[PDB]
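Peer 1: Sharing a structure below in structure tokens format, with a few things to ask.
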Protein chains: 2
Amino acid sequence: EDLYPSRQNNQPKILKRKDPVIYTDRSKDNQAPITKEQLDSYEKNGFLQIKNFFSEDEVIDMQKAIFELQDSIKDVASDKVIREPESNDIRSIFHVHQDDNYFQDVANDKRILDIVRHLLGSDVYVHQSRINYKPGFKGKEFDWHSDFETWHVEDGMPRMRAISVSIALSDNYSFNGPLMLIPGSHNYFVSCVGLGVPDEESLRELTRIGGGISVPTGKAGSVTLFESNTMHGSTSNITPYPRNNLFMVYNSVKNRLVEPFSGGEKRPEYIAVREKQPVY
Amino acid sequence: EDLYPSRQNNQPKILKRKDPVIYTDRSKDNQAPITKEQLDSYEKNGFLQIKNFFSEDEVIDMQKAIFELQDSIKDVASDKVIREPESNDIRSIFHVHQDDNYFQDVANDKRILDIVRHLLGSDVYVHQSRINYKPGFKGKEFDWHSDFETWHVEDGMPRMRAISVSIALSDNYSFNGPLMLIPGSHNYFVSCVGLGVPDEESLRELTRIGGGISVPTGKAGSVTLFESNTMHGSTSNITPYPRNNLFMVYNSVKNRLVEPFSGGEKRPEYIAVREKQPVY
């Protein structure tokens, strides 16, 4: 049963969300690790920024850890390690939540799990992880998209029951190509043409409904959580201020991947997790 | 005598500014139409934003006027009128300060003249004017540059004694590709390689000296004045919020153009004014 068909024709359409946003009853706000106000802001906007999530030592430790890993894998040949063609410089590393002990501990951090389990109303597992290295002046624009539309079409994610967690590992300014989100857009599924980038008309409609464009900013260490279907994008960075980050996607154990809704072949494990965690 | 050589080799260098910034004595701040604080902010940063420069009716009148002119010239064949190749839609119109009565009155507005004459310490004339039409989702990134470096090399402007005046005719947000400036950068001349875009190393050095990147924002009608040599640029606009503007450059009558410092041919009048205004 495909509740969110996309890329099946050349006519875009906006379909209504058929899933809860916050899956734990609001009568149980007292059990959450965040406030009623934070819960309401997530429900309404489709994302939540939390500043001072980590202590200053934890921030510095994480920043050192990404560059220590980058140096440690300089000679590695792996499809998980994305390199710039000309320099061979490492731009991204996938699947660190599983492959490295330090990043596994970050991915299992109770402060993160307590939130995502509350919001998703179940236990969770990591769908994907990635470290991004984005030096000053690097990283092209990313057109607006819903992660969900890709997870669904290409990876077989059935329902809107996953949350992305972005840890800023550089200071996040308005001017260096920050993540931008359309508030409220998680309530609307944009079918895309027969890739996965919505048309301008749909984007205008979402922006009108949301009242604008949201651009969280903050010091290194700040955390942005965003719902699976929240529309987001970024401009290029023409400034010397980098944009390094650690990205993890938490999916409900009740929403495990099936075959790609496109009818196509599975993507690699490092892109979309199909491991079911063993008893031992 | 070339005080600011550029594009003559392939080694960039930073040369010191050899001209005043504010050409009227600071002992005469009382004669200016702006405050000591505004004067100091211009001197330090190389730009000044003024919100509520125009009354609300004047803002609405100017917005209507750009689109009335755009419609009036739909069938025109002119090198002053810049059109998108595919749609033929009008993206810019040069030389309105001279060619249209309404835009001439804007260019002669006493509120603008009183400021630029104070800052340039002399009478002024308009070097260039342009209306830009930048609908939602349109207008590519503009790499960092100093207008002065172009005016000098290509148009024969001798010294740093011109000011650009940008009137926002759309709301100016942080997220839709606003003008960004490097504060303090007007004090440093970046020679460019043998076009006119400075190298990353120089840009890092300016940004370090300035302490960051400045991005004025404000409602339609807000005015940004910037010194001839202030480094500025913008990202692309991936949002539906337009960026229409009226841009005028005021040059001191003591700094009239000579032959291009490149040794090349003059550009057209609509790009760089060489008319000396007649007595009648």
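To be explicit about the labels: the chains of the structure tokens are called A, B, and onward in the order shown, and within each one the residues are counted from 1, while ligands get numbers from 1 in the order they are shown.
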Should the cut-off be 7 Å, what would the residue list for chain A against chain B look like, counting only C-alpha atoms, as a VMD selection string?
Peer 2: chain A and resid 174 204 235 to 236 240
Peer 1: Using DSSP secondary structure from the backbone, list all strand (DSSP E) positions within range 152-261 of chain B, as a list in words.
Peer 2: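 Selecting the strand (DSSP E) positions of range 152-261 of chain B gives residues 162, 163, 164, 165, 166, 167, 168, 180, 181, 188, 189, 190, 191, 223, 224, 225, 226, 227, 232, 233, 234, 245, 246, 247, 248, 249, 250, 251 and 252 of chain B.
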Peer 1: Taking the DSSP secondary structure from the backbone, can you list the residues of range 91-130 of chain A that are alpha helix (DSSP H), as a PyMOL selection string?
Peer 2: chain A and resi 96-99+101-107+110-120
Peer 1: Can you tell me how far CA of residue 202 in chain A sits from CA of residue 88 in chain B, in Å to one decimal?
Peer 2: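 Taking CA of residue 202 in chain A and CA of residue 88 in chain B, their separation equals 24.6 Å.
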Peer 1: Over all C-alpha pairs taken in sequence order, what does chain A look like after a least-squares fit onto chain B? Please give it as a compact mmCIF listing (two decimals) with C-alpha atoms, in the first residue's frame.
Peer 2:
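Now in result.txt:
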# COMPACT_ATOMS: atom_id res chain seq x y z
CA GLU A 1 49.68 57.84 -12.42
CA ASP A 2 48.10 54.43 -11.45
CA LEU A 3 47.75 54.37 -7.68
CA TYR A 4 45.86 51.03 -7.69
CA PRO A 5 47.31 48.68 -10.25
CA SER A 6 45.34 45.50 -10.95
CA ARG A 7 45.11 42.65 -13.47
CA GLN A 8 48.77 43.35 -14.54
CA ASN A 9 50.14 40.04 -13.21
CA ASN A 10 49.12 36.74 -11.65
CA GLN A 11 50.16 37.46 -8.10
CA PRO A 12 47.49 39.05 -5.89
CA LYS A 13 48.45 41.65 -3.40
CA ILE A 14 46.72 43.85 -0.83
CA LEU A 15 47.58 47.58 -1.16
CA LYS A 16 46.64 50.21 1.33
CA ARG A 17 43.93 52.75 0.61
CA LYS A 18 45.50 56.07 -0.36
CA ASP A 19 42.34 58.22 -0.17
CA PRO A 20 40.18 59.59 2.54
CA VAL A 21 36.99 57.74 3.49
CA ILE A 22 35.01 60.71 4.72
CA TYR A 23 36.30 63.71 2.79
CA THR A 24 34.60 66.41 4.86
CA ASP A 25 36.50 67.25 8.02
CA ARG A 26 35.13 65.53 11.14
CA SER A 27 35.16 68.96 12.81
CA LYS A 28 32.21 69.63 10.48
CA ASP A 29 29.99 66.73 11.55
CA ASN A 30 27.39 69.34 12.59
CA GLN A 31 26.83 70.23 8.89
CA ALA A 32 26.01 66.59 7.91
CA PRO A 33 22.43 65.31 7.57
CA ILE A 34 23.35 62.17 9.51
CA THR A 35 24.65 61.71 13.06
CA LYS A 36 28.15 61.41 14.39
CA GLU A 37 27.34 57.73 15.10
CA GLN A 38 26.17 57.14 11.51
CA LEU A 39 29.28 58.91 10.19
CA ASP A 40 31.54 56.84 12.42
CA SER A 41 29.78 53.57 11.40
CA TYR A 42 30.32 54.45 7.65
CA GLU A 43 33.93 55.35 8.24
CA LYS A 44 34.61 52.15 10.09
CA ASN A 45 32.55 49.60 8.10
CA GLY A 46 32.59 51.10 4.60
CA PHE A 47 28.77 51.10 4.37
CA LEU A 48 25.73 52.51 6.11
CA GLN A 49 22.17 51.15 6.22
CA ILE A 50 19.34 53.59 6.74
CA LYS A 51 15.88 52.20 7.45
CA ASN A 52 12.82 54.47 7.07
CA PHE A 53 14.67 56.61 4.61
CA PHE A 54 11.54 57.10 2.43
CA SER A 55 7.88 57.49 3.62
CA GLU A 56 5.50 54.55 2.96
CA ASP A 57 3.82 56.28 0.05
CA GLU A 58 7.22 56.95 -1.58
CA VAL A 59 8.11 53.27 -1.29
CA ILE A 60 4.87 52.11 -2.88
CA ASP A 61 5.28 54.77 -5.63
CA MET A 62 8.78 53.54 -6.49
CA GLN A 63 7.69 49.93 -6.59
CA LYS A 64 4.84 50.77 -8.92
CA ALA A 65 7.17 52.92 -11.05
CA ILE A 66 9.66 50.11 -11.74
CA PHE A 67 6.99 47.79 -12.97
CA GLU A 68 5.18 50.52 -14.96
CA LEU A 69 8.54 51.22 -16.74
CA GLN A 70 9.13 47.53 -17.27
CA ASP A 71 5.71 47.18 -18.97
CA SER A 72 6.22 50.42 -21.03
CA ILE A 73 9.42 49.13 -22.51
CA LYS A 74 8.31 45.59 -23.29
CA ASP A 75 8.82 46.03 -27.06
CA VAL A 76 12.03 48.03 -26.87
CA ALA A 77 15.28 47.05 -28.57
CA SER A 78 18.12 48.66 -26.58
CA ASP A 79 21.50 47.65 -25.21
CA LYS A 80 20.41 49.37 -21.91
CA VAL A 81 17.68 46.77 -21.42
CA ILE A 82 19.03 43.40 -20.24
CA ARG A 83 16.74 40.48 -21.03
CA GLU A 84 16.79 36.78 -20.11
CA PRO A 85 17.73 34.86 -23.32
CA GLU A 86 15.00 32.21 -23.08
CA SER A 87 11.92 34.27 -21.97
CA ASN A 88 12.93 37.74 -23.12
CA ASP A 89 11.90 38.91 -19.66
CA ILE A 90 13.55 42.18 -18.56
CA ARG A 91 16.11 41.74 -15.77
CA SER A 92 17.82 45.09 -15.70
CA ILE A 93 17.44 48.60 -17.12
CA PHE A 94 20.51 50.93 -17.18
CA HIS A 95 20.65 54.75 -17.18
CA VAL A 96 17.19 55.51 -15.83
CA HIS A 97 18.63 58.49 -13.86
CA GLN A 98 18.92 60.28 -17.24
CA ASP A 99 16.31 58.59 -19.50
CA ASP A 100 13.19 58.72 -17.31
CA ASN A 101 11.76 61.77 -15.48
CA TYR A 102 10.61 59.89 -12.37
CA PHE A 103 13.99 58.10 -11.90
CA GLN A 104 15.82 61.35 -12.50
CA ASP A 105 13.94 62.88 -9.58
CA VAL A 106 14.88 59.91 -7.39
CA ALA A 107 18.53 60.23 -8.39
CA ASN A 108 18.38 63.95 -7.47
CA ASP A 109 16.63 63.42 -4.22
CA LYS A 110 18.04 65.93 -1.73
CA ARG A 111 18.06 63.39 1.11
CA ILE A 112 20.49 61.25 -0.95
CA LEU A 113 22.57 64.16 -2.30
CA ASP A 114 23.03 65.79 1.06
CA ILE A 115 24.64 62.59 2.38
CA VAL A 116 26.88 61.73 -0.59
CA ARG A 117 28.07 65.32 -0.94
CA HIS A 118 29.02 65.38 2.74
CA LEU A 119 30.87 62.07 2.51
CA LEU A 120 32.64 62.84 -0.77
CA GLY A 121 33.40 66.45 0.27
CA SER A 122 32.33 67.91 -3.07
CA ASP A 123 29.54 68.13 -5.59
CA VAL A 124 28.58 64.80 -7.28
CA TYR A 125 27.23 63.39 -10.51
CA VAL A 126 25.77 59.96 -11.31
CA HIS A 127 28.28 57.45 -12.67
CA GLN A 128 25.71 54.72 -13.34
CA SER A 129 22.08 53.82 -12.56
CA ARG A 130 20.24 50.56 -12.83
CA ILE A 131 16.91 48.98 -11.99
CA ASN A 132 17.24 45.23 -11.20
CA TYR A 133 14.25 42.88 -11.42
CA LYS A 134 15.00 39.69 -9.52
CA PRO A 135 11.89 37.57 -9.19
CA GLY A 136 11.61 34.70 -6.67
CA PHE A 137 14.01 31.86 -7.47
CA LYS A 138 16.01 34.03 -9.95
CA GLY A 139 19.47 35.64 -10.03
CA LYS A 140 22.65 33.64 -9.69
CA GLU A 141 25.31 34.09 -7.02
CA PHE A 142 27.60 37.09 -7.40
CA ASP A 143 31.16 36.42 -6.35
CA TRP A 144 32.85 38.89 -4.03
CA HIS A 145 34.21 42.03 -5.73
CA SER A 146 35.13 45.67 -5.27
CA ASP A 147 33.24 47.96 -7.64
CA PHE A 148 36.23 50.30 -7.50
CA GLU A 149 38.57 47.72 -8.92
CA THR A 150 36.30 47.48 -12.02
CA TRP A 151 35.58 51.27 -12.24
CA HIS A 152 39.35 51.86 -12.08
CA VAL A 153 40.61 49.14 -14.42
CA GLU A 154 37.80 49.17 -16.96
CA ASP A 155 36.33 52.68 -16.70
CA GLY A 156 39.20 54.94 -15.67
CA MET A 157 38.05 55.97 -12.25
CA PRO A 158 41.24 57.42 -10.61
CA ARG A 159 40.54 57.41 -6.92
CA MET A 160 38.23 55.90 -4.26
CA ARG A 161 35.80 58.83 -4.23
CA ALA A 162 32.44 57.28 -5.32
CA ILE A 163 29.55 55.79 -3.28
CA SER A 164 26.93 53.21 -4.38
CA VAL A 165 23.35 53.72 -3.20
CA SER A 166 21.09 50.63 -3.17
CA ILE A 167 17.38 51.15 -2.59
CA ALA A 168 15.65 47.88 -1.68
CA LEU A 169 12.33 47.68 -3.57
CA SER A 170 11.51 44.29 -2.09
CA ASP A 171 11.75 43.14 1.56
CA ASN A 172 15.42 42.23 2.18
CA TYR A 173 15.80 39.02 4.20
CA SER A 174 18.83 37.07 5.32
CA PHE A 175 17.79 34.01 3.27
CA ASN A 176 17.01 35.21 -0.23
CA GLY A 177 20.46 36.18 -1.51
CA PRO A 178 20.90 39.65 0.14
CA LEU A 179 23.85 41.90 -0.49
CA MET A 180 26.70 40.93 1.92
CA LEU A 181 29.65 43.11 2.69
CA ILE A 182 33.03 42.60 4.45
CA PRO A 183 33.14 45.39 7.08
CA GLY A 184 36.32 47.51 6.91
CA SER A 185 37.35 46.13 3.55
CA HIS A 186 37.16 49.53 1.80
CA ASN A 187 40.55 50.32 3.55
CA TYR A 188 42.31 47.64 1.46
CA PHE A 189 42.76 47.42 -2.26
CA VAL A 190 42.93 43.85 -3.57
CA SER A 191 44.86 43.60 -6.86
CA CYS A 192 43.28 40.94 -8.96
CA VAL A 193 44.99 38.55 -11.41
CA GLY A 194 45.44 39.06 -15.12
CA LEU A 195 38.12 38.98 -14.14
CA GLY A 196 38.29 41.40 -11.24
CA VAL A 197 37.36 38.80 -8.62
CA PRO A 198 39.71 38.57 -5.64
CA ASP A 199 41.35 35.26 -4.56
CA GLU A 200 40.22 33.28 -1.48
CA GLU A 201 43.37 34.08 0.49
CA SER A 202 42.74 37.78 0.19
CA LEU A 203 39.10 37.35 1.12
CA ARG A 204 40.06 35.38 4.26
CA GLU A 205 42.45 38.17 5.22
CA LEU A 206 39.78 40.86 4.82
CA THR A 207 37.22 38.86 6.71
CA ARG A 208 39.74 38.35 9.58
CA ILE A 209 40.46 42.05 9.73
CA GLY A 210 36.79 42.98 9.59
CA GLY A 211 35.74 40.51 12.24
CA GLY A 212 33.08 38.83 10.10
CA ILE A 213 30.52 39.38 7.29
CA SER A 214 27.78 42.05 7.43
CA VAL A 215 24.30 41.44 5.93
CA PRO A 216 21.92 44.36 6.20
CA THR A 217 18.22 43.38 6.24
CA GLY A 218 15.05 45.40 6.30
CA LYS A 219 11.75 46.24 4.68
CA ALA A 220 11.34 47.54 1.16
CA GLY A 221 12.52 51.09 1.07
CA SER A 222 15.56 50.56 3.25
CA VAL A 223 18.73 52.14 1.83
CA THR A 224 22.28 50.82 1.84
CA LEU A 225 25.12 53.18 0.94
CA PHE A 226 28.54 51.58 0.34
CA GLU A 227 31.97 53.00 -0.41
CA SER A 228 33.41 52.38 -3.89
CA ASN A 229 35.98 49.85 -2.65
CA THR A 230 33.88 47.90 -0.09
CA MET A 231 34.06 44.15 -0.84
CA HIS A 232 30.56 42.69 -1.51
CA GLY A 233 28.80 39.70 -2.93
CA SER A 234 25.64 37.55 -2.72
CA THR A 235 24.43 34.01 -2.87
CA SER A 236 21.71 32.77 -5.23
CA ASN A 237 18.08 33.09 -4.28
CA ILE A 238 16.34 29.72 -3.99
CA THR A 239 13.25 31.19 -2.34
CA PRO A 240 10.07 32.83 -3.67
CA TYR A 241 10.91 36.23 -2.06
CA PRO A 242 12.10 38.65 -4.72
CA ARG A 243 14.99 41.07 -4.63
CA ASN A 244 14.05 44.11 -6.78
CA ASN A 245 16.24 47.19 -6.34
CA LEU A 246 17.28 50.59 -7.72
CA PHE A 247 21.10 51.12 -7.73
CA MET A 248 22.81 54.49 -8.31
CA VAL A 249 26.48 55.37 -8.13
CA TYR A 250 27.44 58.96 -7.13
CA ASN A 251 30.98 60.05 -8.07
CA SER A 252 32.73 63.25 -6.99
CA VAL A 253 33.00 65.92 -9.77
CA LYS A 254 36.71 65.96 -8.73
CA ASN A 255 37.11 62.30 -9.71
CA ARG A 256 35.79 62.23 -13.26
CA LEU A 257 36.74 59.26 -15.43
CA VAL A 258 39.95 59.21 -17.60
CA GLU A 259 41.00 56.49 -19.98
CA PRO A 260 40.64 52.88 -18.56
CA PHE A 261 43.68 51.99 -16.44
CA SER A 262 43.82 48.67 -18.32
CA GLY A 263 44.80 50.61 -21.49
CA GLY A 264 41.63 49.25 -23.10
CA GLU A 265 38.67 50.96 -24.81
CA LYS A 266 35.90 52.89 -22.96
CA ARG A 267 32.74 51.13 -22.01
CA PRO A 268 29.37 52.53 -23.05
CA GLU A 269 27.89 55.65 -21.52
CA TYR A 270 25.01 53.49 -20.00
CA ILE A 271 27.71 51.59 -17.98
CA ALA A 272 30.03 54.46 -17.03
CA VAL A 273 29.11 58.17 -17.47
CA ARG A 274 31.52 60.48 -19.31
CA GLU A 275 28.99 63.27 -19.97
CA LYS A 276 29.90 66.53 -18.21
CA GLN A 277 26.53 68.13 -17.31
CA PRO A 278 25.79 71.15 -19.75
CA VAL A 279 25.27 74.73 -18.41
CA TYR A 280 21.60 74.93 -19.60
